[PDB]
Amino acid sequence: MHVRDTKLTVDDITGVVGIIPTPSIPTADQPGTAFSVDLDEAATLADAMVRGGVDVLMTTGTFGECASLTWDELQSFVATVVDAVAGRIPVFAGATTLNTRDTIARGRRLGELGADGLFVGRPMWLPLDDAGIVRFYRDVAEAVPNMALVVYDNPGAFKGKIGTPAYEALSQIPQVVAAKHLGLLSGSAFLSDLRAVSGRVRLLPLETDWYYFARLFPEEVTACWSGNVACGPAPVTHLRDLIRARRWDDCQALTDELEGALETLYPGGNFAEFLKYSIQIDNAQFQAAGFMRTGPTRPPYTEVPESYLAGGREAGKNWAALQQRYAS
């Protein structure tokens, strides 16, 4: 270990890894808007996640509009989130560009602004094979050794699922402490990737299947990721505590409740179609849940079949009732 390296390890990734959206002002869908981040809501939201018991906070994944925020907006938003968290929990800043050098340059500045790590996708103009994927993450880790890294394994967004041999290599990179994974959406690969990282990387399933992997692999699968904490974090923190207590019957009933709340999200049950518009559908979910306030999404992802927003709003309202139940 070097005094410059990140102090965070796989052991610090435990419990709920919450991913928040980037709150937006009412003119956020206009190309002429110079600055579209609602910074008051951002700070209140970040603080709400700490007080609600989120264990790790991440920003600006896909639905966080990593793609469409300006660099000025990304910096200001992350700095506001970091100041609001005040070091109480680790903060991973979502930084994904079209190439290795811009990602490195953004990652250094985000560390300067006090983020503890980076939630990093990968360039997607062309797909990267496994050798290309490992070289990218190693490049980022060597250039910014002071940042921990959460690997963004999103096959649709980045044009490919990260291979098991790539995970084995990623787990030798000390900065890599976690990966946002697919859970049962890629069930066989999740277990293959799990063996490949040998407890050196925390592989994060979904809130809707964390219990299944946690029971089967209690020593390894000790955290999940959730993009629904901004609808209210209480259903997921409670799942964390049910798992910790090994109340498997209670875990199953809560898990059924979460999937039930989210079922309307996918238009006509079509998951590939939800991914086509995940930014727009999630935004209507966050609005409807009423736990945070936000405006429209940013250019260019403003156009969506109106009926798809119906599924988002129902899912938000469904989750609101869960939040209210478990907020006690």
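Each residue number is its position in the shown sequence, starting from 1.
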**Complete:** The stretch whose C-alpha atoms carry the larger average B-factor in the entry, 261 to 269 or 59 to 67, is 261 to 269
**Asked** Between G160, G227, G232, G117, where does the Cα B-factor run highest in the record?
**Response** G232
**Item:** Identity of residue with top Cα B-factor, from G15, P21, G18, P305
**Value:** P305
**Prompt:** Going by what the PDB entry lists, where does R202 fall on CA B-factor within its chain: lowest, middle or highest third?
**Reply:** lowest
**Asked** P90's Cα B-factor: lowest, middle or highest third of the chain?
**Response** middle
**Message:** Taking only the Cα B-factors deposited for this chain, tell me whether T96 sits in the lowest, middle or highest third.
**Reply:** lowest
**Asked** What third of its chain, lowest, middle or highest, does the C-alpha temperature factor of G187 fall into?
**Response** highest
**Prompt:** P127's Cα B-factor: lowest, middle or highest third of the chain?
**Reply:** lowest
